[PDB]
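Reading through the structure tokens given below for one structure.
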Amino acid sequence: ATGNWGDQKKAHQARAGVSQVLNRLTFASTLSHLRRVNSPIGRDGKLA
DNA sequence: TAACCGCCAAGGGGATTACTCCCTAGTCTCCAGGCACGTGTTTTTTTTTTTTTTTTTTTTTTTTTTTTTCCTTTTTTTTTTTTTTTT
């Protein structure tokens with residue numbers, strides 16, 4: 001439910017965004033959300 | 001087989017006596033290197049300030065806007081009331 005993939009007390013060391021709310025806007029949006037792949041690199045890197 | 005002994009022969013040079021001479025022993029007298037004393041200028045040691053690289057710390061990561069979801073403790077020890085058993 002929360003999305004933190006680990007212990008509740010030690011959720012700061014756990015990854016966030018593994019579990020997401022399913023996008024029920026269209027059928028195609030649901031199919032795109034069911035076939036999504038996420039990179040573990042954070043969204044602040046200057047390396048391209 | 002020639003060491004050794006006996007016998008004989010020959011000669012060479014150290015010992016002896018005398019004359020000489022010359023070099024050193026001895027004694028003054030002047031003076032100068034040999035030596036006692038003081039010290040040095042290089043040599044080592046110690047500080048002193050810098051240098052140079054390594055390591056650690058710290059701070060940073062464009063802005064604005066709109067929706068959900070989950071959570072906003074929890075086990076663990078101590079206390080306190082209740083219930084049951086016994087004389």
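The chains in the structure tokens are called A, B, ... from first to last as shown; in each chain the residues are counted from 1, and the ligands are counted from 1 in the order shown.
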Could you list the residues in chain A lying within 9 Å of chain B, using only C-alpha atoms (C1' of nucleotides), and format the result as a PDB file with N, CA, C and O atoms, in the first residue's frame?
```
ATOM      1  N   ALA A   1       0.817  -1.207   0.000  1.00  0.00           N
ATOM      2  CA  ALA A   1       0.000   0.000   0.000  1.00  0.00           C
ATOM      3  C   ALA A   1       0.854   1.261   0.000  1.00  0.00           C
ATOM      4  O   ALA A   1       0.607   2.178  -0.792  1.00  0.00           O
ATOM      5  N   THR A   2       1.853   1.332   0.883  1.00  0.00           N
ATOM      6  CA  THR A   2       2.699   2.518   0.948  1.00  0.00           C
ATOM      7  C   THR A   2       3.672   2.573  -0.225  1.00  0.00           C
ATOM      8  O   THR A   2       3.888   3.640  -0.810  1.00  0.00           O
ATOM      9  N   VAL A  21      -0.299   3.235  -7.471  1.00  0.00           N
ATOM     10  CA  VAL A  21      -1.734   3.222  -7.722  1.00  0.00           C
ATOM     11  C   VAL A  21      -1.970   3.061  -9.216  1.00  0.00           C
ATOM     12  O   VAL A  21      -1.366   3.769 -10.034  1.00  0.00           O
ATOM     13  N   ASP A  44      18.291  12.457 -10.487  1.00  0.00           N
ATOM     14  CA  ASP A  44      19.063  13.672 -10.262  1.00  0.00           C
ATOM     15  C   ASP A  44      20.450  13.595 -10.889  1.00  0.00           C
ATOM     16  O   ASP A  44      21.248  14.522 -10.702  1.00  0.00           O
ATOM     17  N   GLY A  45      20.762  12.526 -11.620  1.00  0.00           N
ATOM     18  CA  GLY A  45      22.101  12.352 -12.157  1.00  0.00           C
ATOM     19  C   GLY A  45      22.318  13.190 -13.401  1.00  0.00           C
ATOM     20  O   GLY A  45      21.456  13.254 -14.284  1.00  0.00           O
TER      21      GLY A  45
END
```
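The gap separating atom CA of residue 3 of chain A from atom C1' of residue 76 of chain B is 29.0 Å, in Å to one decimal.
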What parts of chain A does DSSP call helix (DSSP H, G or I)? I'd like the answer as JSON, numbers by chain. {"A": [11, 12, 13, 27, 28, 29, 30, 31, 32, 33]}
